[PDB]
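Shown next: target06.txt, containing compact mmCIF, C-alpha atoms and all ligand atoms.
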# COMPACT_ATOMS: atom_id res chain seq x y z
CA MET A 1 -8.75 7.67 1.43
CA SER A 2 -10.79 9.69 -1.07
CA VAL A 3 -8.56 12.66 -1.70
CA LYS A 4 -9.92 16.19 -2.08
CA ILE A 5 -8.74 17.45 -5.35
CA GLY A 6 -7.51 20.95 -5.36
CA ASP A 7 -6.76 21.20 -1.66
CA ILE A 8 -3.01 20.88 -1.65
CA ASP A 9 -2.38 22.70 1.67
CA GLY A 10 -4.67 20.34 3.54
CA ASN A 11 -6.96 22.88 5.18
CA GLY A 12 -9.99 21.44 3.46
CA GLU A 13 -10.86 24.40 1.23
CA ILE A 14 -9.82 25.35 -2.30
CA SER A 15 -7.68 28.43 -1.97
CA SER A 16 -4.74 30.41 -3.44
CA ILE A 17 -2.44 28.73 -0.88
CA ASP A 18 -2.95 25.41 -2.65
CA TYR A 19 -1.83 26.87 -5.97
CA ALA A 20 1.41 28.15 -4.40
CA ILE A 21 2.35 24.65 -3.20
CA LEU A 22 1.23 22.98 -6.45
CA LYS A 23 3.39 25.46 -8.40
CA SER A 24 6.47 24.58 -6.40
CA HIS A 25 6.14 20.81 -7.23
CA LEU A 26 6.03 21.63 -10.86
CA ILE A 27 8.87 24.09 -10.66
CA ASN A 28 11.19 22.17 -8.20
CA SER A 29 9.91 20.20 -5.15
CA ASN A 30 8.31 16.93 -4.26
CA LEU A 31 5.42 16.46 -1.90
CA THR A 32 3.73 13.53 -0.26
CA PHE A 33 1.96 11.15 -2.60
CA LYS A 34 -1.31 12.21 -0.92
CA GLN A 35 -0.59 15.80 -2.06
CA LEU A 36 0.25 14.41 -5.48
CA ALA A 37 -3.16 12.80 -5.74
CA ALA A 38 -4.80 16.09 -4.69
CA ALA A 39 -2.67 17.88 -7.25
CA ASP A 40 -4.00 15.84 -10.10
CA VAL A 41 -7.09 17.78 -10.91
CA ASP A 42 -7.75 16.59 -14.48
CA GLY A 43 -7.54 12.97 -13.37
CA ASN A 44 -4.88 11.73 -15.83
CA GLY A 45 -2.82 10.70 -12.84
CA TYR A 46 0.10 13.00 -13.58
CA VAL A 47 0.64 16.32 -12.04
CA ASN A 48 0.96 18.42 -15.12
CA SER A 49 1.48 22.14 -15.38
CA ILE A 50 -2.02 21.96 -16.85
CA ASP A 51 -3.26 21.00 -13.35
CA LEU A 52 -1.98 24.24 -11.80
CA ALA A 53 -3.52 26.13 -14.66
CA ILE A 54 -6.95 24.58 -14.17
CA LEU A 55 -6.61 25.19 -10.40
CA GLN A 56 -5.74 28.79 -11.26
CA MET A 57 -8.75 28.91 -13.63
CA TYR A 58 -10.94 27.68 -10.77
CA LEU A 59 -9.45 30.31 -8.40
CA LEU A 60 -9.72 33.12 -11.01
CA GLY A 61 -13.24 32.09 -11.99
CA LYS A 62 -12.46 31.13 -15.59
CA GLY A 63 -13.56 27.57 -15.12
CA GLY A 64 -12.02 24.70 -13.29
CA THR A 65 -13.90 21.87 -14.92
CA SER A 66 -11.74 19.19 -13.29
CA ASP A 67 -12.26 17.29 -9.93
CA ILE A 68 -11.43 20.49 -8.02
CA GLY A 69 -13.51 20.55 -4.86
CA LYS A 70 -14.52 16.95 -5.29
CA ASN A 71 -13.05 13.84 -3.80
CA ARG A 72 -11.01 11.57 -5.90
CA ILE A 73 -12.32 8.24 -5.15
CA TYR A 74 -9.82 5.95 -6.49
CA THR A 75 -10.19 2.31 -6.08
CA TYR A 76 -7.85 1.53 -3.16
CA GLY A 77 -4.99 -0.57 -4.48
CA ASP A 78 -6.02 0.10 -8.04
CA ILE A 79 -3.41 2.28 -9.62
CA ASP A 80 -4.81 2.38 -13.10
CA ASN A 81 -8.16 3.16 -11.39
CA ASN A 82 -10.47 1.09 -13.51
CA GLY A 83 -12.49 -0.04 -10.53
CA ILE A 84 -10.69 -3.33 -10.04
CA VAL A 85 -7.65 -4.04 -7.92
CA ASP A 86 -6.23 -6.42 -10.41
CA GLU A 87 -2.98 -8.09 -11.22
CA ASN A 88 -1.83 -5.29 -13.51
CA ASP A 89 -1.98 -2.89 -10.57
CA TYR A 90 0.19 -5.36 -8.72
CA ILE A 91 2.60 -5.27 -11.73
CA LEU A 92 2.82 -1.43 -11.47
CA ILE A 93 3.93 -1.49 -7.78
CA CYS A 94 6.60 -4.05 -8.60
CA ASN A 95 7.63 -1.83 -11.62
CA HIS A 96 8.37 1.02 -9.20
CA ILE A 97 10.30 -1.36 -6.94
CA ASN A 98 12.35 -2.69 -9.85
CA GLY A 99 12.66 0.77 -11.36
CA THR A 100 11.44 -0.42 -14.71
CA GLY A 101 8.22 1.50 -14.82
CA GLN A 102 7.05 4.77 -13.56
CA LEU A 103 3.75 5.45 -12.05
CA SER A 104 2.21 8.81 -12.29
CA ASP A 105 1.95 11.20 -9.24
CA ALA A 106 -1.65 10.45 -8.21
CA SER A 107 -1.10 6.82 -9.06
CA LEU A 108 1.78 6.81 -6.59
CA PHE A 109 -0.73 7.46 -3.82
CA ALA A 110 -3.30 5.06 -5.40
CA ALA A 111 -0.68 2.32 -5.20
CA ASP A 112 0.22 3.24 -1.66
CA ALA A 113 -1.73 0.61 0.16
CA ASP A 114 -0.24 1.26 3.57
CA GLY A 115 -0.64 5.02 3.47
CA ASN A 116 3.01 5.99 4.26
CA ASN A 117 3.20 7.94 0.92
CA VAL A 118 6.04 5.76 -0.35
CA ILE A 119 5.76 2.92 -2.85
CA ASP A 120 7.68 0.44 -0.96
CA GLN A 121 7.80 -3.32 -1.00
CA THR A 122 5.13 -3.59 1.72
CA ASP A 123 2.44 -2.16 -0.66
CA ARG A 124 3.30 -4.91 -3.11
CA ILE A 125 2.69 -7.53 -0.39
CA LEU A 126 -0.52 -5.81 0.80
CA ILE A 127 -1.86 -6.06 -2.71
CA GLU A 128 -0.75 -9.76 -2.70
CA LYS A 129 -2.98 -10.27 0.30
CA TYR A 130 -5.84 -8.09 -1.00
CA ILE A 131 -6.05 -9.90 -4.39
CA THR A 132 -6.04 -13.28 -2.64
CA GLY A 133 -8.68 -12.11 -0.12
CA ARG A 134 -6.34 -12.48 2.86
CA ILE A 135 -7.00 -8.91 3.89
CA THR A 136 -10.31 -7.27 3.26
CA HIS A 137 -8.96 -3.90 4.21
CA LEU A 138 -5.96 -2.00 3.14
CA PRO A 139 -4.62 0.66 5.58
CA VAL A 140 -5.46 3.22 2.82
CA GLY A 141 -9.09 1.90 2.54
CA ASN A 142 -10.91 -0.86 0.64
CA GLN A 143 -13.36 -1.37 -2.18
CA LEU A 144 -14.74 -4.75 -1.21
CA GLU A 145 -17.34 -2.88 0.72
CA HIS A 146 -19.35 -1.20 -2.05
CA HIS A 147 -22.00 0.53 0.17
CA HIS A 148 -24.66 -0.50 -2.28
CA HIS A 149 -23.91 -4.21 -2.34
CA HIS A 150 -22.04 -4.43 0.96
CA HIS A 151 -21.84 -8.12 0.47
CA CA A 201 -6.40 24.88 0.73
CA CA A 202 -3.23 15.97 -14.20
CA CA A 203 -6.66 -1.84 -12.03
CA CA A 204 3.72 2.23 1.15
Could I get this file's structure written as structure tokens?
Amino acid sequence: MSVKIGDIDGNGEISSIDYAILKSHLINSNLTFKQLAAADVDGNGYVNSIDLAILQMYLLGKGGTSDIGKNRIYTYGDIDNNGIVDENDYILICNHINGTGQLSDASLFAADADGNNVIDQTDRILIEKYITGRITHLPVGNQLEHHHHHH
């Protein structure tokens, strides 16, 4: 779903608690891919130590010019997030499965079509179905429905 950037604790509000959890993933810890998406504030897809710094800047009042407090609307099934669930996104899921290519933190949730926070082989097959129009919805959401231009 559209992930609130900055809210790492999952209370809904941007707070100091979020920073403490974000810090620990960058020091030594792994979170759910959903948290990873929320952790990527700058929108490069990677949870950088820069992300905690900008979150800290937002908290301190220096300036958190990233997606902090906004919702990351990623195109559901679109890992590169160009607005199209395309065949290269499909390639990326299979890259994780093969272990040949790494996807960035936020991209790990963007690729997670089923919403279990794991890039498994089922996501790969959900994208199979989504690209071929077999399923109009992914468990994580869909972008066939455009709101303006429903159909
Ligand atoms: Ca919070
Ligand atoms: Ca980032
Ligand atoms: Ca794409
Ligand atoms: Ca999955």
Query raised in the report: Which protein, DNA or RNA residues have an atom within 7 Å of ligand CA 201 (chain A), counting all atoms listed in the file, as a list in words?
Result: residues 7, 8, 9, 10, 11, 12, 13, 14, 15, 17 and 18 of chain A
**Report entry** Residue neighbourhood residue A:138, 9 Å, all atoms listed in the file, exclusion window fewer than 2 positions, as number ranges by chain
**Finding:** A: 76-77, 113-115, 126-127, 130, 135-136, 140-142
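Here atom CA of residue A:56 stands at a distance of 10.3 Å from atom CA of residue A:22.
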Report task. Would you mind telling me which residue in A:143, A:81, A:121, A:107 lies nearest to ligand CA 203 (chain A) when using all atoms listed in the file? Result -> A:81
Once you count all atoms listed in the file, which residues end up within 7 Å of ligand CA 202 (chain A), and could you hand them over as a PDB file with C-alpha atoms, in the frame of the given file?
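File written: out_7.pdb
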ATOM      1  CA  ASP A  40      -4.000  15.840 -10.100  1.00  0.00           C
ATOM      2  CA  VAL A  41      -7.090  17.780 -10.910  1.00  0.00           C
ATOM      3  CA  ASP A  42      -7.750  16.590 -14.480  1.00  0.00           C
ATOM      4  CA  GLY A  43      -7.540  12.970 -13.370  1.00  0.00           C
ATOM      5  CA  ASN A  44      -4.880  11.730 -15.830  1.00  0.00           C
ATOM      6  CA  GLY A  45      -2.820  10.700 -12.840  1.00  0.00           C
ATOM      7  CA  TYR A  46       0.100  13.000 -13.580  1.00  0.00           C
ATOM      8  CA  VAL A  47       0.640  16.320 -12.040  1.00  0.00           C
ATOM      9  CA  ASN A  48       0.960  18.420 -15.120  1.00  0.00           C
ATOM     10  CA  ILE A  50      -2.020  21.960 -16.850  1.00  0.00           C
ATOM     11  CA  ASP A  51      -3.260  21.000 -13.350  1.00  0.00           C
TER      12      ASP A  51
END
Requested in this report: Provide the atom CA of residue A:78 to atom CA of residue A:110 distance in Å, to one decimal place.
Outcome: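 Computed distance, atom CA of residue A:78 to atom CA of residue A:110, equals 6.2 Å.
Distances from A:27, A:68, A:119, A:111 to residue A:1 were compared using all atoms listed in the file, and the smallest one belongs to A:111.
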Query raised in the report: Hey, which of A:106, A:79, A:118, A:55 ends up closest to residue A:38? Count only C-alpha atoms.
Result: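 Nearest candidate to residue A:38 out of A:106, A:79, A:118, A:55: A:106.
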Sorted per-residue table, chain A near ligand CA 203 (chain A), closest atoms and distance, 9 Å, only C-alpha atoms and all ligand atoms, as JSON lines:
{"residue": "A:75", "atom": "CA", "partner": "A:CA203", "partner_atom": "CA", "distance": 8.1}
{"residue": "A:77", "atom": "CA", "partner": "A:CA203", "partner_atom": "CA", "distance": 7.8}
{"residue": "A:78", "atom": "CA", "partner": "A:CA203", "partner_atom": "CA", "distance": 4.5}
{"residue": "A:79", "atom": "CA", "partner": "A:CA203", "partner_atom": "CA", "distance": 5.8}
{"residue": "A:80", "atom": "CA", "partner": "A:CA203", "partner_atom": "CA", "distance": 4.7}
{"residue": "A:81", "atom": "CA", "partner": "A:CA203", "partner_atom": "CA", "distance": 5.3}
{"residue": "A:82", "atom": "CA", "partner": "A:CA203", "partner_atom": "CA", "distance": 5.0}
{"residue": "A:83", "atom": "CA", "partner": "A:CA203", "partner_atom": "CA", "distance": 6.3}
{"residue": "A:84", "atom": "CA", "partner": "A:CA203", "partner_atom": "CA", "distance": 4.7}
{"residue": "A:85", "atom": "CA", "partner": "A:CA203", "partner_atom": "CA", "distance": 4.8}
{"residue": "A:86", "atom": "CA", "partner": "A:CA203", "partner_atom": "CA", "distance": 4.9}
{"residue": "A:87", "atom": "CA", "partner": "A:CA203", "partner_atom": "CA", "distance": 7.3}
{"residue": "A:88", "atom": "CA", "partner": "A:CA203", "partner_atom": "CA", "distance": 6.1}
{"residue": "A:89", "atom": "CA", "partner": "A:CA203", "partner_atom": "CA", "distance": 5.0}
{"residue": "A:90", "atom": "CA", "partner": "A:CA203", "partner_atom": "CA", "distance": 8.4}
Selected residues written out, C-alpha atoms, as a PDB file, keeping the file's coordinate frame:
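Saved to out.pdb:
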ATOM      1  CA  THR A  75     -10.190   2.310  -6.080  1.00  0.00           C
ATOM      2  CA  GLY A  77      -4.990  -0.570  -4.480  1.00  0.00           C
ATOM      3  CA  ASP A  78      -6.020   0.100  -8.040  1.00  0.00           C
ATOM      4  CA  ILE A  79      -3.410   2.280  -9.620  1.00  0.00           C
ATOM      5  CA  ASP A  80      -4.810   2.380 -13.100  1.00  0.00           C
ATOM      6  CA  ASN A  81      -8.160   3.160 -11.390  1.00  0.00           C
ATOM      7  CA  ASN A  82     -10.470   1.090 -13.510  1.00  0.00           C
ATOM      8  CA  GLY A  83     -12.490  -0.040 -10.530  1.00  0.00           C
ATOM      9  CA  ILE A  84     -10.690  -3.330 -10.040  1.00  0.00           C
ATOM     10  CA  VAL A  85      -7.650  -4.040  -7.920  1.00  0.00           C
ATOM     11  CA  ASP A  86      -6.230  -6.420 -10.410  1.00  0.00           C
ATOM     12  CA  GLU A  87      -2.980  -8.090 -11.220  1.00  0.00           C
ATOM     13  CA  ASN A  88      -1.830  -5.290 -13.510  1.00  0.00           C
ATOM     14  CA  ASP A  89      -1.980  -2.890 -10.570  1.00  0.00           C
ATOM     15  CA  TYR A  90       0.190  -5.360  -8.720  1.00  0.00           C
TER      16      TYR A  90
END
Requested in this report: Could you tell me how far atom CA of residue A:98 lies from atom CA of residue A:33, in Å and to one decimal?
Outcome: 18.8 Å
Report task. Using all atoms listed in the file, pick whichever of A:116, A:132, A:95, A:29 has the shortest atom-to-atom distance to ligand CA 204 (chain A). Result ->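 Comparing A:116, A:132, A:95, A:29 against ligand CA 204 (chain A), the winner is A:116.
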**Report entry** Pick from A:32, A:24, A:16, A:117 nearest to ligand CA 204 (chain A), counting all atoms listed in the file
**Finding:** A:117
